[PDB]
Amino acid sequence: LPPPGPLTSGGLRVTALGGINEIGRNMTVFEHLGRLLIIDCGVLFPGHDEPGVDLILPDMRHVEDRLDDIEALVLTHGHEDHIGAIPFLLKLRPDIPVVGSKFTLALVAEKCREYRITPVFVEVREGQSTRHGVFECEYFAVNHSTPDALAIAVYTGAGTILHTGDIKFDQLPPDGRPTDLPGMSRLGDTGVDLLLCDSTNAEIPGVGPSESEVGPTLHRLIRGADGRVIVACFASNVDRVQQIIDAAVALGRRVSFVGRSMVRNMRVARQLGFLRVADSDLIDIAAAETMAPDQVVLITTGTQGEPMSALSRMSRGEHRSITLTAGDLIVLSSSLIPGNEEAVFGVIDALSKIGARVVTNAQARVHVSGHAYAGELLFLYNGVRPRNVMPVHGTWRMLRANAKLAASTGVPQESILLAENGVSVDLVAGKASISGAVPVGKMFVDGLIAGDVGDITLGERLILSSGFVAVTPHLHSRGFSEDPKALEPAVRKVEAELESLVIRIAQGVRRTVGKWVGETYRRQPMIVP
């Protein structure tokens, strides 16, 4: 598919630089009358195809040469796949206004300090409007698995856009602030031309359970526990922490946070008023072991089995302050992100060896998702009634599911646009269509440089998982064998090819050891001259 032409004056162009064919690094660029508005700037964490890499960024080459045009960066909420790449954007232009709610802006402040950046903040709350050049924005309360999420209406001259952010429709969130479906319904009456809609759970039928179903289950588990209780969850889910604390306090226990991410984030949550707990209900971690075990609940990180997490360390008998016993109850108040199963089940099995009881979502209602199920999205589609629909935040199977949901409410199929990263969507005179594609790749972060690591380097790293045998005589290897005498049978055969007189040395003994190995050992390490 070809690149798009110029954008008809007065129209609007929408393009994702990440987040559409995958879960992660969401970044969406809106173009209008030469100016730019960006909604979200997240990272993607690397998989097996990307060894040695730290982060994956949205493809910023597409704004690198027009950074002067960006009017603002607007942020739905504070999860890493929406804010993680902000330091790299601000390194390109440090004074881009950054718009968001108080809790969101607190997280990017802390993230941007790691890179020695001080953002220009414009702080925003639901119900408020702000102007950013040719763009105007209005913010709608969203309930999600993290406080202070916001959905965003963008008004230009081309019409009205609505971006949901990560959206869910819990009608009884513990914090009593459900998503503002009324307000978005009234905006639908106004006429919304384009709806950008979270697809994460679009293939799950029905309506998802309330986050408030978790509290009673945790209360039941703590009441029945004879010893200490340990609850692992995500530090960003303040309403989950609040329910753990409320259950523990209601049963005469005190609470302790374990792990830097948990300690830092609950500090922010307490300061901004999202977490309400009395100082006498908290114990410092280095003083929790002084009390009776049945008097403490520990709240930790490490739901994903990351080896340096607090719960991993505890499961191996290598936590400084805490030692686990068969009398402990461990609750994984979370779900298993795909690609982490081997690691999570390893921690569970180390805990089972010790004799501790482990409770996961598979056995009890200890976790709910933060994204709307298909039946909740239907409420959104009937409430907003968008003239056109673009699914975002999802892989193809999710984007397609969301497409059908919108179709089944009456959105014409020609008005349901599926635009992968790099595919533009033009909204012109009220009609919306796909207009062309540019290529987008994965920008890698590996330490202090970036951009010198690419397909060939990852290929070499993948090959090197069988070690390497290097010739340039002295034979050496590293990921190959523990037998020192294993190099010798190749030394004789190397000189033999060296009695040959007539870079061709490279392809000469590199081909000579390669035959010796794929014959003696039937291994295939990398051979380097």
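A residue's number is simply how far along the shown sequence it sits, counting from 1.
S.K.: Classify the number of deposited-sequence residues missing from the model between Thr472 and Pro473: none, 1 to 3, 4 to 9, or 10 or more.
M.R.: Per the deposited record, the segment joining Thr472 and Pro473 lacks coordinates for 10 or more residues.
S.K.: For the stretch from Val502 to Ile503, please bin the deposited residues that the model skips: none, 1 to 3, 4 to 9, or 10 or more.
M.R.: 4 to 9 residues lack coordinates between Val502 and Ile503.
S.K.: Quick one: say whether 446-454 or 349-357 has the higher mean Cα B-factor in the deposited entry.
M.R.: Averaging CA B-factors over each stretch, the winner is 446-454.
S.K.: Taking only the CA atoms, which stretch has the higher mean B-factor in the record, 506-514 or 15-23?
M.R.: Result: 506-514.
S.K.: Using the entry's values, work out which of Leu336, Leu105, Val255, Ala232 has the largest Cα B factor.
M.R.: Result of the comparison over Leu336, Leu105, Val255, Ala232: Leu336.
S.K.: Based on the PDB record, which member of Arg260, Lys404, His371, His367 exhibits the highest Cα temperature factor?
M.R.: Across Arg260, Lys404, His371, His367, the entry lists the biggest C-alpha B-factor for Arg260.
S.K.: Splitting the chain's C-alpha B-factors into thirds, which one does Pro178 fall into?
M.R.: For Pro178, the deposited C-alpha B-factor lands in the lowest third.
S.K.: Test of reading the entry: by CA B factor among the chain's modelled residues, which third contains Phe274?
M.R.: Lowest third.
S.K.: Pull the Cα B-factor of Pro209 out of the PDB entry and bin it into the chain's lowest, middle or highest third.
M.R.: Lowest third of the chain for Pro209's C-alpha B-factor.
S.K.: For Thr217, does the deposited CA B-factor place it in the lowest, middle or highest third of the chain?
M.R.: Within its chain, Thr217 is a lowest-third residue by C-alpha B-factor, going by the deposited values.
S.K.: How does the C-alpha B factor of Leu36 compare with the rest of the chain: lowest, middle or highest third?
M.R.: Tercile = middle for this residue's CA B-factor.
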